[PDB]
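Submitted below is the structure of interest, expressed as structure tokens.
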Number of protein chains: 2
Amino acid sequence: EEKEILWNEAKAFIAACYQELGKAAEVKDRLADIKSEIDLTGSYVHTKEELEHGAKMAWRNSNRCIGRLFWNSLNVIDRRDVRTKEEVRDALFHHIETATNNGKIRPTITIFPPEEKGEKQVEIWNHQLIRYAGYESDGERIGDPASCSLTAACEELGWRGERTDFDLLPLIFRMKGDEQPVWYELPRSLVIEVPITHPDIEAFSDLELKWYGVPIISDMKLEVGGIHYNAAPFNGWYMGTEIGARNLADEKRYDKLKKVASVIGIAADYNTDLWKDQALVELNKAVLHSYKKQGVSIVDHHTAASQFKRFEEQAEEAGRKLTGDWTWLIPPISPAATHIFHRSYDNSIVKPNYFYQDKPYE
Amino acid sequence: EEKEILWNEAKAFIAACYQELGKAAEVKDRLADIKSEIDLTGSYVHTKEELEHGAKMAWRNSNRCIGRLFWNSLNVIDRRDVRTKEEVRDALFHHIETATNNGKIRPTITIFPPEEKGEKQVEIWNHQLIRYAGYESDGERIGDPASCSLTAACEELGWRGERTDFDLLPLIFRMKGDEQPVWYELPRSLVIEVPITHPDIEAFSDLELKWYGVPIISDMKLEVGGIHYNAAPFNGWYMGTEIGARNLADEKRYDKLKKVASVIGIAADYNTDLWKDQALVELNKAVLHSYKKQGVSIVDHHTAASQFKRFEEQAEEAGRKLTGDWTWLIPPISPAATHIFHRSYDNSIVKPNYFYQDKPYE
Ligand code: HEM
Ligand code: HEM
Ligand SMILES: CNCCN(C)c1cc(C#N)cc(CCc2cc(C)cc(N)n2)c1
Ligand SMILES: CNCCN(C)c1cc(C#N)cc(CCc2cc(C)cc(N)n2)c1
Ligand SMILES: C[C@H](O)[C@H](O)[C@H]1CNc2nc(N)[nH]c(=O)c2N1
Ligand SMILES: C[C@H](O)[C@H](O)[C@H]1CNc2nc(N)[nH]c(=O)c2N1
Ligand SMILES: [Cl-]
Ligand SMILES: [Cl-]
């Protein structure tokens with residue numbers, strides 16, 4: 001069955017990929033080559049062109065992503081050649097550096113060797129390459145609660161966090177054949193962070209908030225033509241709401257709205273005062289202001305939705321069906337001020353795509 | 001087929017309704033009576049208890065409604081006895097008066113005679129009993145654009161609006177056997193309106209905004225045990241966002257955000273300033289403040305979501321499956337500040353319920 005799944009996915013992908021690349025006549029010969037290779041080896045190897053366009057298609061097909069207008073400019077780094085943990089580590093450090101690009105963030109994916117028999121070659125434990133640790137003991141909460149389980153797993157492996165609210169987690173990944181993952185501390189010179197200040201409210205700096213510049217999702221599987229690249233970290237730039245309306249605002253994350261209300265000088269006593277809503281707006285203004293002031297790329301949800309409208313128009317004009325997840329595409333503040341809120345989207349799954357996979361901790 | 005649909009729906013409803021009312025032993029005899037009556041007459045007549053509990057179940061099952069905690073306190077007015085347009089008119093005036101209740105709004109439904117052979121007895125044209133007219137001609141836009149088609153239909157029937165931004169539409173409905181609907185101007189003494197002012201920003205009154213106190217949906221069909229009550233207007237009180245984030249804010253409604261930005265003293269030039277979001281928050285604070293100041297019932301979206309959480313808990317504790325439409329339940333501002341955003345809901349349709357029906361104009 002598994003070979004048949006591979007071949008079917010391969011045929012669909014090569015046909016579509018080569019159509020898009022004007023390579024349509026080459027399909028027949030390529031598929032034969034692939035067919036032989038699957039027969040003989042149990043798998044097949046993507047050309048560099050296939051891998052690159054595959055990763056770009058996968059982004060284009062990510063229903064939950066509002067940033068898809070820019071799918072065709074994804075910077076694809078082919079690291080199928082890595083064999084050692086030092087090579088993996090250095091490839092991850094390199095991804096951080098080149099994606100960060102001194103603040104002018106470059107959307108990038110680094111692709112490691114794919115699963116073989118469903119056997120991973122490299123297993124990345126981080127949710128994002130750069131993320132803050134979380135701790136909870138004896139009613140005492142420090143840092144990012146969403147990182148508690150991974151932080152605990154790291155501290156099993158000999159790492160120790162400083163227990164600041166913003167400890168950078170080490171990179172943590174396991175190689176095929178190894179029983180335990182290894183971990184490496186992130187060089188601070190590689191990691192851009194932005195202090196949060198407000199354009200008009202000087203007191204806002206009293207909250208001592210900061211966030212990291214580049215969100216690099218490192219625990220999803222890229223699937224292309226039936227090949228499973230479980231290790232393939234990718235990044236864009238942030239939409240400000242991800243930081244201001246969720247990471248710093250959710251009760252189960254940094255939970256800062258009451259403190260924000262206090263520094264902006266409003267009471268946090270009555271639901272009818274909409275103090276949470278006002279605090280959310282000021283916090284979100286502060287996030288955008290701060291990233292802009294430091295020269296780190298970011299987009300606001302209005303501009304992002306306008307770009308997404310262009311993606312919709314481009315899809316139509318190219319004759320491609322659009323898919324989307326309305327529940328993720330709407331921004332978490334003022335969603336009815338965007339066109340997204342007022343239309344519907346077909347949530348069908350099209351491949352290539354990025355998929356969730358089980359965590360090796362938990 | 002139609003008789004069989006009726007009987008099947010009847011059996012399901014009577015069984016469930018009588019279980020809820022502790023009337024379980026009476027089911028067998030009631031169903032026999034109904035069975036005979038369907039056989040002989042092609043239909044059956046609800047007892048007052050059935051009609052009342054049916055309307056309450058229908059509210060309880062309205063997936064899109066965040067206000068459902070209070071389903072059991074619905075005030076049900078049985079007007080199956082009306083036969084004339086004066087009786088219908090007076091029943092609608094009465095609903096306005098008793099639902100309004102001097103500002104302490106009482107959730108109410110008035111139920112008119114049901115469809116017979118799919119033949120309506122009374123056909124209400126209004127979307128809500130109280131709503132503002134809309135006009136568009138020669139690039140000139142006045143009032144509520146959502147009311148343009150109904151306003152035009154009314155002006156075909158000899159009515160003429162003053163072309164203020166807030167003209168009250170007349171009640172408009174058609175009786176079985178009549179070719180045209182009739183219309184009646186709303187007595188202004190019956191209609192409470194609220195001027196919009198802001199708690200701290202005196203200039204806000206310069207916008208001369210107002211809205212009406214009571215939203216009375218008058219174009220949906222109540223279906224109970226296979227009986228189709230196409231004319232059955234109902235009301236709750238407003239959630240403030242319906243007015244501040246949608247009616248007064250949508251570009252295709254009153255479209256007031258740019259004017260709001262100006263009176264609150266912020267620039268409306270840059271997406272990154274989040275001026276739309278800030279304007280939305282102040283407008284929404286103003287709506288709640290103004291309704292409260294005038295002694296007209298209203299709920300904010302935080303309190304509403306807290307009440308809805310209690311509805312969820314009550315459903316579970318009573319052993320009833322909960323259904324909901326996440327896309328309608330989330331409020332249009334700060335939705336991620338409510339628990340609703342962070343869980344999912346089964347959008348299955350359960351009857352009794354309220355349904356859309358085709359408009360007789362358009
Ligand atoms: C270029 C700037 C980008 C922006 C502004 C952007 C924006 C977003 C946002 C706001 C989300 C919602 C996620 C959340 O609420 O946590 C998202 C989800 C997602 N984005 Fe993008 N994105 C960008 C680039 C990318 C790239 C380069 C890829 C892959 C190559 C990608 C793939 C995805 C995927 C797979 C999800 C869903 C993740 C999940 O289900 O957890 N995005 N995007
Ligand atoms: C008591 C106060 C009530 C509140 C605060 C409330 C709140 C809401 C809100 C905010 C909506 C969203 C509608 C929109 O965006 O236009 C809604 C929808 C709805 N509500 Fe309620 N509601 C209440 C009472 C009622 C009552 C008494 C009924 C019926 C007996 C009802 C039935 C519905 C229905 C059927 C919808 C969906 C309408 C549609 O699909 O267009 N609600 N409710
Ligand atoms: C099981 N994984 C959960 C996925 N979720 C909920 C998820 C959580 C967080 C956080 N914090 C962040 C994301 C990433 C969203 C994203 C990805 C990229 C490439 C760019 C961007 N601006 N945002 C996804
Ligand atoms: C085809 N009908 C469209 C239904 N829609 C979109 C719809 C539009 C408007 C407006 N303006 C208002 C509603 C009513 C929502 C409602 C109903 C009740 C009983 C109480 C309440 N607070 N809100 C529904
Ligand atoms: C297309 C989309 O489902 C549509 O905009 C819905 C979304 N959620 C909503 N929610 C409410 N309460 N009211 C609405 O009119 C809408 N519009
Ligand atoms: C249960 C619900 O689907 C869940 O809260 C989703 C809703 N929409 C979202 N949208 C984005 N962009 N990110 C999220 O984490 C979520 N959470
Ligand atoms: Cl994030
Ligand atoms: Cl309304």
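Just so it is clear, the values below take in all heavy atoms, side chains as well, and ignore hydrogens, waters and symmetry mates. Order of listing sets the numbers, starting from 1, for every ligand and every atom in it. Sequence lines set the chain letters: A, B, ... in the order given, protein chains first and strands last, and positions in each chain run from 1.
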Distance col, row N63(B):CG vs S348(B):OG, nearest 0.5 angstrom, shows 7.5 Å
Does the residue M220(A) have a heavy-atom contact with ligand 3, meaning some pair of atoms that are separated by less than 4.0 Å?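 In this structure, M220(A) fails to qualify as a contact of ligand 3 - no heavy atom is under 4.0 Å.
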Working note: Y254(A) + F166(A), criterion ring-ring contact (aromatic ring centres under 6.0 Å, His included); need CA distance, chi angles, decisive distance, verdict. CA-CA 10 Å; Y254(A) 282 77; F166(A) 302 107; 5.4 Å; yes
Looking only at protein heavy atoms, which one is nearest to atom 2 (N) of ligand 3, and how far off is it? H127(A) CE1, 3.7 Å
ring-ring contact (aromatic ring centres under 6.0 Å, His included) evaluation trace for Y132(B) with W211(B): CA-CA 9 Å; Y132(B) 300 126; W211(B) 204 254; 5.2 Å; yes
Strictly distance-based, threshold 3.5 Å: is any side-chain N or O of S218(A) a donor or acceptor partner for the main-chain N or O of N126(A)?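 The answer is yes, because a donor-acceptor pair under 3.5 Å joins these two groups.
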Is the backbone N or O of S62(B) less than 3.5 Å from a side-chain atom of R68(B), with the two atoms forming a donor-acceptor pair by type?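 Such a contact is found between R68(B) side chain and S62(B) backbone.
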Provide the number and element of each atom of ligand 3 under 4.0 Å from a heavy atom of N247(A).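 Taking each heavy atom of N247(A) in turn, ligand 3 has 11 (N) under 4.0 Å.
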re atom 1 (C) of ligand 6, the protein heavy-atom contact at minimum distance is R343(B) O, 3.2 Å
Does the structure place the NZ or CZ of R343(B) under 6.0 Å from the centre of the six-membered ring of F341(B), at an angle of no more than 45° from the ring's axis? no
Classify the contact between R131(A) and ligand 3 as side chain, backbone, both or neither, using a heavy-atom distance cut-off of under 4.0 Å. side chain
When you measure from atom 12 (C) of ligand 3 to every protein heavy atom, which one gives the shortest distance, and what is it?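 The answer is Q128(A) NE2, 3.2 Å.
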Can you measure from CG (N230(A)) to NZ (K120(A)) and round to the nearest 0.5 angstrom? 5.0 Å
Please determine, by modelled atom types, if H301(A) and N271(B) share a side-chain donor-acceptor pair under 3.5 angstrom. no
Below the 3.5 angstrom mark, is there an N/O of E242(A), backbone or side chain, next to an N/O of ligand 3? yes
When you measure from atom 14 (C) of ligand 6 to every protein heavy atom, which one gives the shortest distance, and what is it?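 Its nearest protein heavy-atom neighbour is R246(A) NH1, 3.3 Å.
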What part of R246(A) sits under 4.0 Å from ligand 3 if we count only heavy atoms: the side chain, the backbone, both or neither?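 None of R246(A) does.
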Looking at side-chain heavy atoms only, is the closest gap between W237(B) and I298(B) below 4.5 Å? no
Is it the side chain (CB and beyond), the backbone, both or neither of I216(A) that lies under 4.0 Å from ligand 3, heavy atoms counted? neither
Among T327(A), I330(B), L329(A), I340(B), which residue places a heavy atom closest to atom 3 (O) of ligand 6? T327(A)
Just need the protein heavy atom nearest to atom 5 (N) of ligand 3, so name the residue and atom and give the distance.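 Going by distance alone, atom 5 (N) of ligand 3 is nearest to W328(A) CH2, 4.1 Å.
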Is there a polar contact between ligand 3 and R253(A), counting only N or O atoms under 3.5 Å apart? yes
The atoms of ligand 3 lying under 4.0 Å from a heavy atom of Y238(A), numbered in the order shown, are 22 (N)
Starting from atom 5 (O) of ligand 6, which protein heavy atom do you reach first, and at what distance in Å?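 So the nearest neighbour among protein heavy atoms is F341(B) O, 2.4 Å.
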Reported NZ-to-OG distance for the pair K292(B) and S297(B), which is rounded to 0.5 angstrom: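 Rounded to the nearest 0.5 Å, the NZ-OG separation comes to 10.0 Å.
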Between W59(A) and ligand 3, find which residue part has any heavy-atom pair under 4.0 Å and reply side chain, backbone, both or neither. neither
Ignoring hydrogens, what is the shortest heavy-atom contact between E251(A) and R141(A)? Give both atom names and the distance.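 For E251(A) versus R141(A), the nearest heavy atoms are O-NH2, 4.4 Å.
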The one among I243(A), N235(A), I217(A) that brings a heavy atom closest to atom 14 (C) of ligand 3: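 Among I243(A), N235(A), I217(A), the closest heavy atom to atom 14 (C) of ligand 3 belongs to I217(A).
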Considering all heavy atoms, the nearest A245(A)-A249(A) contact: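 It is O-CB, 3.4 Å.
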Who's closest to atom 16 (C) of ligand 6 heavy-atom-wise, of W328(A), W326(B), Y345(B)? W328(A)
Applying side-chain contact (heavy atoms from CB on, under 4.5 Å) to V194(B) and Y238(B), what does each step give before you reach the verdict? CA-CA 12 Å; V194(B) 182; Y238(B) 268 116; over 6 Å; no
Just which atoms of ligand 3 are under 4.0 Å from any heavy atom in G236(A)? 19 (C), 20 (C)
Indicate, as side chain, backbone, both or neither, the part of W237(A) found under 4.0 angstrom from ligand 3 when only non-hydrogen atoms are considered. backbone
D144(B)/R253(B) ion pair, N-O < 4.0 Å: yes
Please list, in number order, the atoms of ligand 3 under 4.0 Å from a heavy atom of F234(A). 19 (C)
Record the part of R64(A) in heavy-atom contact with ligand 6 below 4.0 Å; permitted values are side chain, backbone, both and neither.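 For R64(A), no heavy atom sits under 4.0 Å from ligand 6.
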Consider ligand 3: state whether an atom of it lies below 4.0 angstrom from any non-hydrogen atom of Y354(A). no
